[PDB]
$ cat my_file-v6.txt   # compact mmCIF, C-alpha atoms and all ligand atoms
# COMPACT_ATOMS: atom_id res chain seq x y z
CA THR A 549 -90.41 -64.15 -50.90
CA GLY A 550 -93.85 -63.59 -49.41
CA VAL A 551 -96.42 -61.08 -48.25
CA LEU A 552 -96.18 -59.14 -44.99
CA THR A 553 -99.14 -58.42 -42.72
CA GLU A 554 -99.94 -57.65 -39.10
CA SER A 555 -100.45 -60.73 -36.95
CA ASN A 556 -101.98 -61.72 -33.62
CA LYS A 557 -98.91 -63.80 -32.72
CA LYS A 558 -98.09 -62.96 -29.09
CA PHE A 559 -94.33 -62.60 -29.37
CA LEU A 560 -92.45 -62.57 -26.10
CA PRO A 561 -89.97 -59.64 -26.12
CA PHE A 562 -86.85 -61.84 -26.42
CA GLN A 563 -88.23 -63.60 -29.53
CA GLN A 564 -87.90 -62.25 -33.07
CA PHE A 565 -88.15 -65.29 -35.41
CA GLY A 566 -90.98 -67.68 -36.11
CA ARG A 567 -90.25 -71.14 -37.46
CA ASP A 568 -92.03 -73.92 -39.33
CA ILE A 569 -92.16 -77.72 -39.44
CA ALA A 570 -89.88 -77.70 -42.50
CA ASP A 571 -87.76 -74.88 -40.94
CA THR A 572 -88.90 -71.80 -42.84
CA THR A 573 -89.32 -68.33 -41.35
CA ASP A 574 -93.04 -68.13 -40.57
CA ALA A 575 -92.93 -64.70 -38.89
CA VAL A 576 -90.40 -61.88 -38.64
CA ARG A 577 -89.84 -58.84 -36.41
CA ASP A 578 -88.80 -55.53 -37.98
CA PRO A 579 -85.25 -54.54 -36.89
CA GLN A 580 -86.11 -50.81 -36.91
CA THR A 581 -89.48 -50.70 -35.12
CA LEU A 582 -90.65 -53.31 -32.59
CA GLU A 583 -93.51 -54.68 -34.69
CA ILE A 584 -94.57 -58.17 -35.74
CA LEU A 585 -95.04 -59.23 -39.36
CA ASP A 586 -96.21 -62.47 -40.97
CA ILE A 587 -94.49 -64.23 -43.85
CA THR A 588 -96.62 -66.12 -46.38
CA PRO A 589 -95.87 -66.77 -50.08
CA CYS A 590 -98.44 -65.43 -52.52
CA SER A 591 -100.68 -67.26 -54.98
CA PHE A 592 -99.50 -70.45 -56.70
CA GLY A 593 -100.67 -73.90 -57.71
CA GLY A 594 -100.92 -76.38 -60.53
CA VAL A 595 -102.36 -75.92 -64.01
CA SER A 596 -104.05 -78.41 -66.31
CA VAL A 597 -105.04 -78.39 -69.98
CA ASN B 450 -39.93 -61.73 -26.91
CA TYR B 451 -42.57 -64.35 -27.84
CA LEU B 452 -42.82 -67.70 -26.04
CA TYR B 453 -44.64 -71.01 -26.48
CA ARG B 454 -45.93 -73.62 -24.05
CA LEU B 455 -44.52 -77.15 -24.35
CA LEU B 456 -47.13 -79.25 -22.57
CA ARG B 457 -49.85 -79.16 -19.92
CA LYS B 458 -51.37 -81.74 -17.59
CA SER B 459 -54.11 -82.54 -20.13
CA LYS B 460 -55.58 -81.21 -23.37
CA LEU B 461 -57.06 -77.73 -23.79
CA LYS B 462 -60.71 -76.82 -24.20
CA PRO B 463 -61.57 -74.71 -27.28
CA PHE B 464 -61.23 -70.92 -26.87
CA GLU B 465 -59.32 -71.22 -23.59
CA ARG B 466 -56.42 -69.02 -22.48
CA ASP B 467 -53.60 -70.20 -20.20
CA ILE B 468 -52.00 -67.73 -17.78
CA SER B 469 -50.49 -69.67 -14.87
CA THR B 470 -46.90 -70.92 -15.22
CA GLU B 471 -45.71 -73.68 -12.89
CA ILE B 472 -42.77 -76.09 -12.90
CA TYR B 473 -43.89 -79.42 -14.37
CA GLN B 474 -43.04 -82.76 -12.76
CA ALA B 475 -42.98 -86.11 -14.58
CA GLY B 476 -42.35 -88.29 -11.53
CA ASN B 477 -42.50 -88.45 -7.73
CA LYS B 478 -39.68 -86.13 -6.66
CA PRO B 479 -41.09 -82.63 -6.01
CA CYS B 480 -39.36 -79.84 -7.91
CA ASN B 481 -40.27 -77.22 -5.23
CA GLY B 482 -39.83 -74.39 -7.73
CA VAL B 483 -36.40 -75.59 -8.91
CA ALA B 484 -35.95 -76.90 -12.47
CA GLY B 485 -33.73 -79.82 -11.55
CA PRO B 486 -34.00 -83.53 -12.36
CA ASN B 487 -37.25 -84.43 -14.19
CA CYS B 488 -38.38 -80.79 -13.99
CA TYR B 489 -39.00 -78.61 -17.04
CA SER B 490 -40.35 -75.09 -17.36
CA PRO B 491 -43.25 -75.02 -19.85
CA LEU B 492 -42.28 -71.65 -21.36
CA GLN B 493 -39.56 -71.78 -24.02
CA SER B 494 -38.72 -68.85 -26.27
CA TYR B 495 -38.99 -68.79 -30.06
CA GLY B 496 -35.55 -67.36 -30.79
CA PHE B 497 -36.60 -65.89 -34.13
CA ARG B 498 -33.71 -64.73 -36.32
CA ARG C 24 -75.61 -73.78 7.38
CA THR C 25 -78.00 -76.74 7.54
CA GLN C 26 -77.91 -79.13 4.59
CA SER C 27 -81.07 -81.06 3.70
CA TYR C 28 -82.56 -82.83 0.67
CA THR C 29 -85.85 -82.38 -1.19
CA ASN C 30 -87.25 -83.93 -4.37
CA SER C 31 -87.27 -81.63 -7.39
CA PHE C 32 -90.87 -82.41 -8.54
CA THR C 33 -90.65 -81.43 -12.26
CA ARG C 34 -89.16 -77.98 -11.72
CA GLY C 35 -86.72 -75.93 -13.77
CA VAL C 36 -87.84 -75.85 -17.42
CA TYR C 37 -86.76 -72.86 -19.52
CA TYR C 38 -87.00 -71.66 -23.11
CA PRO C 39 -84.25 -73.31 -25.20
CA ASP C 40 -84.39 -70.72 -28.00
CA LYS C 41 -85.66 -67.26 -28.91
CA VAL C 42 -88.11 -68.65 -31.48
CA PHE C 43 -91.90 -68.43 -31.26
CA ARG C 44 -93.40 -71.92 -31.59
CA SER C 45 -97.15 -72.48 -31.27
CA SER C 46 -99.18 -75.72 -30.99
CA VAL C 47 -96.21 -78.00 -31.69
CA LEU C 48 -94.21 -80.59 -29.74
CA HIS C 49 -90.54 -79.66 -30.11
CA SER C 50 -87.76 -82.00 -28.96
CA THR C 51 -84.54 -80.36 -27.79
CA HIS C 52 -81.15 -81.42 -26.42
CA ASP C 53 -79.95 -78.85 -23.89
CA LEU C 54 -78.54 -78.67 -20.35
CA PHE C 55 -81.68 -79.19 -18.26
CA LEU C 56 -82.54 -80.13 -14.70
CA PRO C 57 -83.73 -83.77 -14.75
CA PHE C 58 -87.17 -84.64 -13.45
CA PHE C 59 -87.54 -85.84 -9.83
CA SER C 60 -83.92 -84.93 -9.14
CA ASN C 61 -82.23 -84.87 -5.73
CA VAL C 62 -81.69 -81.17 -5.10
CA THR C 63 -80.39 -79.82 -1.80
CA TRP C 64 -81.83 -77.41 0.76
CA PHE C 65 -79.78 -74.83 2.66
CA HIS C 66 -80.72 -73.09 5.92
CA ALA C 67 -78.16 -70.29 6.19
CA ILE C 68 -77.61 -69.28 9.82
CA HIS C 69 -73.80 -69.27 9.73
CA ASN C 81 -70.50 -71.27 4.77
CA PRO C 82 -68.11 -72.70 2.15
CA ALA C 83 -68.38 -72.60 -1.64
CA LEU C 84 -70.16 -75.00 -4.00
CA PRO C 85 -68.94 -76.91 -7.07
CA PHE C 86 -70.30 -75.31 -10.25
CA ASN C 87 -71.33 -78.44 -12.15
CA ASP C 88 -72.20 -76.88 -15.57
CA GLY C 89 -75.24 -74.93 -14.39
CA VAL C 90 -76.97 -74.00 -11.12
CA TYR C 91 -80.73 -74.01 -10.53
CA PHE C 92 -81.59 -71.49 -7.81
CA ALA C 93 -85.04 -71.69 -6.19
CA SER C 94 -85.11 -69.29 -3.23
CA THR C 95 -88.65 -68.87 -1.88
CA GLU C 96 -88.31 -66.40 1.01
CA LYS C 97 -88.40 -62.60 0.80
CA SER C 98 -85.48 -60.10 0.93
CA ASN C 99 -82.19 -60.31 -0.99
CA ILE C 100 -79.55 -61.45 1.50
CA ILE C 101 -78.44 -64.22 -0.91
CA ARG C 102 -77.81 -61.91 -3.89
CA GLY C 103 -74.42 -61.47 -5.50
CA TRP C 104 -73.29 -64.92 -6.54
CA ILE C 105 -69.71 -64.80 -7.84
CA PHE C 106 -68.36 -67.22 -10.42
CA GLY C 107 -64.62 -67.10 -9.77
CA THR C 108 -62.29 -70.00 -10.42
CA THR C 109 -59.76 -69.15 -7.70
CA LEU C 110 -60.66 -66.31 -5.33
CA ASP C 111 -57.09 -65.17 -4.76
CA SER C 112 -54.02 -63.93 -6.67
CA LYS C 113 -52.04 -65.59 -9.52
CA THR C 114 -55.13 -66.90 -11.35
CA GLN C 115 -57.87 -64.35 -12.03
CA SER C 116 -61.23 -64.31 -10.25
CA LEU C 117 -64.61 -63.49 -11.77
CA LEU C 118 -66.98 -61.11 -9.98
CA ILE C 119 -70.72 -61.27 -10.79
CA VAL C 120 -71.92 -59.32 -7.72
CA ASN C 121 -75.60 -58.34 -7.95
CA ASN C 122 -77.36 -55.59 -6.01
CA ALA C 123 -80.40 -53.32 -6.02
CA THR C 124 -78.27 -50.53 -7.56
CA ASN C 125 -75.95 -52.03 -10.20
CA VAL C 126 -74.36 -55.26 -11.42
CA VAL C 127 -70.59 -55.40 -11.96
CA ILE C 128 -69.08 -58.04 -14.25
CA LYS C 129 -65.37 -57.81 -13.45
CA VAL C 130 -62.39 -60.16 -13.75
CA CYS C 131 -59.44 -58.45 -12.03
CA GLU C 132 -57.93 -61.13 -9.73
CA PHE C 133 -58.75 -59.44 -6.36
CA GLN C 134 -58.40 -61.35 -3.07
CA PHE C 135 -61.02 -63.24 -1.05
CA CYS C 136 -61.00 -65.47 2.02
CA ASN C 137 -61.96 -69.14 2.37
CA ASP C 138 -65.47 -67.96 3.40
CA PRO C 139 -65.98 -64.88 1.20
CA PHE C 140 -68.71 -62.36 1.93
CA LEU C 141 -69.58 -58.73 1.24
CA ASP C 142 -68.40 -56.59 4.17
CA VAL C 143 -70.92 -53.76 4.49
CA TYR C 144 -69.15 -52.31 7.54
CA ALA C 163 -55.81 -55.93 -13.36
CA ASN C 164 -56.64 -57.92 -16.51
CA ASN C 165 -60.20 -57.05 -17.63
CA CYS C 166 -61.86 -54.56 -15.26
CA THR C 167 -65.10 -52.45 -15.58
CA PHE C 168 -67.84 -53.87 -17.92
CA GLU C 169 -70.71 -52.73 -15.71
CA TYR C 170 -74.34 -53.42 -16.64
CA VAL C 171 -77.43 -51.68 -15.29
CA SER C 172 -79.82 -54.68 -14.73
CA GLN C 173 -83.01 -52.68 -15.16
CA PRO C 174 -85.50 -55.64 -14.99
CA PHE C 175 -83.67 -56.84 -11.87
CA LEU C 176 -83.56 -53.30 -10.45
CA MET C 177 -87.31 -53.43 -9.60
CA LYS C 187 -94.61 -66.15 -2.75
CA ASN C 188 -91.38 -64.54 -3.98
CA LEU C 189 -90.15 -67.74 -5.66
CA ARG C 190 -87.35 -66.28 -7.76
CA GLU C 191 -86.55 -69.42 -9.73
CA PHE C 192 -83.16 -68.87 -11.37
CA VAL C 193 -81.14 -70.94 -13.85
CA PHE C 194 -77.51 -70.03 -14.54
CA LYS C 195 -75.54 -71.35 -17.51
CA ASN C 196 -72.08 -71.15 -19.11
CA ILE C 197 -71.92 -72.42 -22.69
CA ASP C 198 -69.04 -71.18 -24.91
CA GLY C 199 -68.07 -68.48 -22.42
CA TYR C 200 -71.50 -66.82 -22.46
CA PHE C 201 -73.63 -65.98 -19.42
CA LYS C 202 -77.38 -66.61 -19.70
CA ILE C 203 -79.90 -65.92 -16.93
CA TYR C 204 -83.36 -67.50 -16.80
CA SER C 205 -85.88 -66.16 -14.30
CA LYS C 206 -89.47 -66.69 -13.19
CA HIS C 207 -91.64 -65.12 -10.47
CA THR C 208 -94.34 -67.64 -9.58
CA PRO C 209 -96.71 -67.30 -6.59
CA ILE C 210 -97.37 -70.21 -4.24
CA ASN C 211 -100.20 -71.15 -1.89
CA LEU C 212 -98.14 -72.59 0.98
CA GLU C 213 -94.40 -72.12 1.53
CA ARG C 214 -93.75 -75.69 2.73
CA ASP C 215 -92.12 -77.29 -0.33
CA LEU C 216 -91.97 -76.96 -4.10
CA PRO C 217 -95.49 -77.19 -5.57
CA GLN C 218 -96.95 -79.76 -7.96
CA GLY C 219 -97.21 -77.48 -10.96
CA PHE C 220 -95.27 -76.12 -13.91
CA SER C 221 -93.41 -72.94 -14.82
CA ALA C 222 -91.37 -71.57 -17.71
CA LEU C 223 -88.22 -69.46 -17.57
CA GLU C 224 -87.24 -66.64 -19.97
CA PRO C 225 -83.67 -65.61 -20.89
CA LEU C 226 -82.35 -62.22 -19.79
CA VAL C 227 -78.72 -61.37 -20.67
CA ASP C 228 -75.67 -62.52 -22.64
CA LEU C 229 -72.21 -61.77 -21.21
CA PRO C 230 -68.98 -63.22 -22.69
CA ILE C 231 -66.40 -64.41 -20.15
CA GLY C 232 -64.57 -67.45 -21.51
CA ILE C 233 -62.60 -68.83 -18.53
CA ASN C 234 -62.27 -72.12 -16.65
CA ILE C 235 -65.10 -71.76 -14.13
CA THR C 236 -65.17 -74.75 -11.79
CA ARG C 237 -66.85 -73.60 -8.55
CA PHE C 238 -69.90 -71.57 -7.53
CA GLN C 239 -70.12 -69.15 -4.61
CA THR C 240 -72.87 -66.96 -3.18
CA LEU C 241 -72.14 -63.84 -1.14
CA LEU C 242 -73.66 -62.45 2.06
CA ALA C 243 -73.85 -58.73 2.86
CA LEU C 244 -73.12 -59.06 6.57
CA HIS C 245 -73.24 -55.80 8.53
CA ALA C 262 -82.40 -67.73 8.30
CA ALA C 263 -82.22 -67.97 4.51
CA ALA C 264 -83.90 -70.93 2.79
CA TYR C 265 -82.88 -71.65 -0.79
CA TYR C 266 -82.64 -74.74 -3.00
CA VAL C 267 -79.72 -75.53 -5.32
CA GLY C 268 -80.11 -77.78 -8.35
CA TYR C 269 -77.51 -78.94 -10.86
CA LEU C 270 -78.12 -79.04 -14.61
CA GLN C 271 -77.33 -82.04 -16.83
CA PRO C 272 -77.38 -82.78 -20.58
CA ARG C 273 -80.85 -84.23 -21.12
CA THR C 274 -83.40 -84.49 -23.93
CA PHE C 275 -86.82 -82.94 -23.37
CA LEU C 276 -90.12 -82.94 -25.27
CA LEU C 277 -91.65 -79.49 -24.85
CA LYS C 278 -95.36 -78.89 -25.48
CA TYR C 279 -96.16 -75.37 -26.64
CA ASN C 280 -99.77 -74.22 -26.38
CA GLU C 281 -101.64 -72.04 -28.87
CA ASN C 282 -100.25 -68.92 -27.15
CA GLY C 283 -96.67 -70.17 -27.58
CA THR C 284 -95.75 -71.08 -23.98
CA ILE C 285 -94.47 -74.35 -22.54
CA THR C 286 -97.15 -76.08 -20.47
CA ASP C 287 -96.08 -79.75 -20.21
CA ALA C 288 -92.73 -81.49 -20.67
CA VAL C 289 -91.41 -85.06 -20.69
CA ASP C 290 -87.90 -86.10 -19.65
CA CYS C 291 -86.89 -88.56 -22.37
CA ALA C 292 -84.46 -90.56 -20.19
CA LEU C 293 -86.35 -90.94 -16.90
CA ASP C 294 -88.43 -94.14 -17.18
CA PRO C 295 -89.38 -96.38 -20.15
CA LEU C 296 -92.86 -94.81 -20.36
CA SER C 297 -91.28 -91.43 -21.07
CA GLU C 298 -88.93 -93.04 -23.60
CA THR C 299 -92.00 -94.43 -25.38
CA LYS C 300 -93.66 -90.99 -25.18
CA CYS C 301 -90.60 -89.33 -26.72
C1 LIG D 1 -83.22 -46.15 -35.20
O1 LIG D 1 -84.63 -46.28 -35.51
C2 LIG D 1 -85.48 -46.43 -34.36
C3 LIG D 1 -86.89 -46.61 -34.88
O2 LIG D 1 -87.54 -45.37 -35.05
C4 LIG D 1 -85.33 -45.22 -33.44
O3 LIG D 1 -86.12 -45.42 -32.27
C5 LIG D 1 -83.87 -45.01 -33.06
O4 LIG D 1 -83.73 -43.82 -32.30
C6 LIG D 1 -82.99 -44.93 -34.31
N1 LIG D 1 -81.59 -44.80 -33.94
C7 LIG D 1 -80.83 -43.77 -34.32
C8 LIG D 1 -79.40 -43.81 -33.85
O5 LIG D 1 -81.26 -42.86 -35.01
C1 LIG D 2 -80.32 -87.44 -1.93
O1 LIG D 2 -78.99 -87.98 -1.73
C2 LIG D 2 -78.63 -88.20 -0.36
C3 LIG D 2 -77.20 -88.68 -0.36
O2 LIG D 2 -76.98 -89.66 0.65
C4 LIG D 2 -79.60 -89.19 0.27
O3 LIG D 2 -79.27 -89.36 1.65
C5 LIG D 2 -81.03 -88.68 0.13
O4 LIG D 2 -81.94 -89.65 0.64
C6 LIG D 2 -81.36 -88.39 -1.33
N1 LIG D 2 -82.70 -87.84 -1.45
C7 LIG D 2 -83.75 -88.49 -1.98
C8 LIG D 2 -83.50 -89.89 -2.47
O5 LIG D 2 -84.86 -87.97 -2.05
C1 LIG D 3 -60.00 -76.44 -15.97
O1 LIG D 3 -61.25 -77.09 -15.64
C2 LIG D 3 -61.23 -78.52 -15.75
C3 LIG D 3 -62.63 -79.00 -15.44
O2 LIG D 3 -62.82 -80.35 -15.84
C4 LIG D 3 -60.18 -79.10 -14.80
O3 LIG D 3 -60.12 -80.51 -14.96
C5 LIG D 3 -58.82 -78.48 -15.08
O4 LIG D 3 -57.87 -78.95 -14.12
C6 LIG D 3 -58.90 -76.95 -15.03
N1 LIG D 3 -57.61 -76.37 -15.36
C7 LIG D 3 -56.69 -76.06 -14.43
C8 LIG D 3 -55.41 -75.46 -14.95
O5 LIG D 3 -56.87 -76.26 -13.24
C1 LIG D 4 -104.01 -67.18 -24.46
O1 LIG D 4 -104.16 -65.81 -24.00
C2 LIG D 4 -105.52 -65.36 -23.91
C3 LIG D 4 -105.47 -63.91 -23.47
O2 LIG D 4 -106.71 -63.50 -22.91
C4 LIG D 4 -106.31 -66.25 -22.95
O3 LIG D 4 -107.67 -65.84 -22.94
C5 LIG D 4 -106.20 -67.71 -23.37
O4 LIG D 4 -106.84 -68.54 -22.40
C6 LIG D 4 -104.73 -68.12 -23.50
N1 LIG D 4 -104.63 -69.50 -23.95
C7 LIG D 4 -104.21 -70.52 -23.17
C8 LIG D 4 -103.82 -70.17 -21.76
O5 LIG D 4 -104.14 -71.67 -23.60

$ encode --input "my_file-v6.txt" --output "structure tokens" --more "lines below"
Ligand SMILES: *[C@@H]1O[C@H](CO)[C@@H](O)[C@H](O)[C@H]1NC(C)=O
Ligand SMILES: *[C@@H]1O[C@H](CO)[C@@H](O)[C@H](O)[C@H]1NC(C)=O
Ligand SMILES: *[C@@H]1O[C@H](CO)[C@@H](O)[C@H](O)[C@H]1NC(C)=O
Ligand SMILES: *[C@@H]1O[C@H](CO)[C@@H](O)[C@H](O)[C@H]1NC(C)=O
Amino acid sequence: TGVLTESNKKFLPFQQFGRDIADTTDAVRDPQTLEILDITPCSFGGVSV
Amino acid sequence: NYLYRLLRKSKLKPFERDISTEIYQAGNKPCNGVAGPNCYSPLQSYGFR
Amino acid sequence: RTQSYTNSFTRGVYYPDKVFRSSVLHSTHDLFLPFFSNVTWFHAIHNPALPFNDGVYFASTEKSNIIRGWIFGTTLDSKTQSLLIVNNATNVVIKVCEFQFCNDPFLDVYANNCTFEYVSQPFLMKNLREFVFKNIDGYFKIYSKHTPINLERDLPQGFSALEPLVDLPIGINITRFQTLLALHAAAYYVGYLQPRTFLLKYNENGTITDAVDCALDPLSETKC
């Protein structure tokens, strides 16, 4: 779950994943067209009353 | 029609296939291709009935 | 040939995975060439085979391609099958069909699993073709780098990174390494890989710049 957007991540042509410190998929490559996308969950946080 | 191998010189690595068949020796007398004393062929048939 | 010895001088670092990592320090356990290793130097003017100790680091620095076509056969004769990884400027053939070769095999210009021919388009095409060969779980991975040099005396005091190329399943008991000569002078270094732990520093562009061998000296153990 997350948004997808164009990135300036310089992917080398053998790479298609992008990982995190806690091992989550930071970036992804489209299997149909050779394009780079970012992965970022949308808005969240804590509430108070 | 189907055969099994009794024993090898050592253990087998994973995903390894064995093709060569040689007369095994468990001593100092050389078999010289003859299954005589202390010589056993590694291939024995199933004998399914 | 003439057999010599030269210090490795922090050479032979490749990409352990196909994952983009930027501005991190990732620690990996993979078959690497250890730092300041004792690699050998060959002056081919003659030429037996070499023991394939779980990886070969190839660091030929001269021009031309007389050393191409390294074959990875177990026994280069009948009974037990032989693997053929001949490389050329036209095609690469990955064949295991027993064949027959001499005690000093070479390509003379003047059965079980045949064919499986690849094209090798990036290999179809200061010439330091640094090569790393590997066999893990029957697969065949090739790492390559084309790095210019100032003087062709020895290996330079710098750094380089190596990118993977292919993946070819074989799955046999490879024990010895052999290069082939297309006979109708050559200087190349051979290094042997080893299971070692490295600390790889990726920059903001995602490339390895510095590395630390975690089992070299106590300072590097403290760094790791
Ligand atoms: C699959 O999609 C890619 C992306 O456009 C295209 O280049 C390729 O030709 C397609 N393959 C087939 C078999 O249609
Ligand atoms: C590499 O090993 C050989 C084996 O005897 C040795 O003679 C040579 O000095 C070594 N190279 C070094 C330590 O740089
Ligand atoms: C397979 O390779 C291993 C390498 O350690 C060797 O010990 C073994 O003898 C080889 N198998 C045969 C049948 O030679
Ligand atoms: C990353 O690539 C850009 C491309 O122009 C370059 O300007 C920059 O210096 C590079 N970053 C490094 C080498 O750390």

$ residues_around --input "my_file-v6.txt" --residues "segment 551-555 of chain A" --least-positions-apart "6" --cutoff "8 Å" --atoms "all atoms listed in the file" --output "list in words"
residues 584, 585, 586, 587, 588, 589 and 590 of chain A

$ residues_around --input "my_file-v6.txt" --residues "residue 467 of chain B" --least-positions-apart "3" --cutoff "10 Å" --atoms "all atoms listed in the file" --output "PyMOL selection string"
(chain B and resi 454+457+461+470) or (chain C and resi 114+233-234)

$ interface_residues --input "my_file-v6.txt" --of "chain B" --to "chain C" --cutoff "10 Å" --atoms "only C-alpha atoms" --output "ChimeraX atom specification"
/B:462-470

$ interface_residues --input "my_file-v6.txt" --of "chain C" --to "chain A" --cutoff "8 Å" --atoms "all atoms listed in the file" --output "ChimeraX atom specification"
/C:41-44,225,282-283

$ atom_distance --input "my_file-v6.txt" --atom1 "atom CA of residue 126 of chain C" --atom2 "atom CA of residue 106 of chain C"
13.4 Å

$ atom_distance --input "my_file-v6.txt" --atom1 "atom CA of residue 488 of chain B" --atom2 "atom CA of residue 475 of chain B"
7.1 Å

$ decode --input "my_file-v6.txt" --residues "segment 282-298 of chain C" --atoms "N, CA and C atoms" --output "tab-separated table (two decimals), in the first residue's frame"
chain	number	residue	atom	x	y	z
C	282	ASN	N	24.63	8.04	-4.99
C	282	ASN	CA	24.22	7.55	-6.30
C	282	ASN	C	23.99	6.04	-6.32
C	283	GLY	N	24.32	5.34	-5.24
C	283	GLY	CA	24.03	3.92	-5.13
C	283	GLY	C	25.16	2.98	-5.49
C	284	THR	N	26.39	3.47	-5.59
C	284	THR	CA	27.53	2.66	-6.01
C	284	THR	C	28.50	2.46	-4.85
C	285	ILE	N	29.15	1.29	-4.83
C	285	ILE	CA	30.15	1.00	-3.81
C	285	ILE	C	31.39	1.84	-4.08
C	286	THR	N	31.84	2.57	-3.05
C	286	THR	CA	33.06	3.37	-3.13
C	286	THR	C	34.17	2.83	-2.24
C	287	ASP	N	33.87	2.53	-0.97
C	287	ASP	CA	34.84	1.98	-0.03
C	287	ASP	C	34.30	0.68	0.56
C	288	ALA	N	35.22	-0.19	0.97
C	288	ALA	CA	34.86	-1.45	1.60
C	288	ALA	C	35.89	-1.79	2.67
C	289	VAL	N	35.48	-2.62	3.62
C	289	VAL	CA	36.32	-3.06	4.72
C	289	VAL	C	36.19	-4.57	4.86
C	290	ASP	N	37.32	-5.27	4.82
C	290	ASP	CA	37.34	-6.71	5.04
C	290	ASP	C	37.30	-6.98	6.54
C	291	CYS	N	36.21	-7.60	7.00
C	291	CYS	CA	35.94	-7.70	8.43
C	291	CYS	C	36.84	-8.69	9.17
C	292	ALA	N	37.67	-9.45	8.47
C	292	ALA	CA	38.51	-10.45	9.12
C	292	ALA	C	39.96	-10.33	8.67
C	293	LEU	N	40.43	-9.10	8.45
C	293	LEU	CA	41.80	-8.86	8.01
C	293	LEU	C	42.73	-8.54	9.18
C	294	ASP	N	42.45	-7.47	9.91
C	294	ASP	CA	43.22	-7.03	11.06
C	294	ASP	C	42.23	-6.57	12.12
C	295	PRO	N	42.66	-6.47	13.40
C	295	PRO	CA	41.71	-6.05	14.45
C	295	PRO	C	41.10	-4.66	14.27
C	296	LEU	N	41.77	-3.75	13.57
C	296	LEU	CA	41.19	-2.45	13.28
C	296	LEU	C	39.96	-2.57	12.40
C	297	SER	N	40.01	-3.47	11.41
C	297	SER	CA	38.85	-3.68	10.55
C	297	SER	C	37.75	-4.45	11.26
C	298	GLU	N	38.10	-5.32	12.21
C	298	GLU	CA	37.09	-5.96	13.05
C	298	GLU	C	36.37	-4.93	13.91
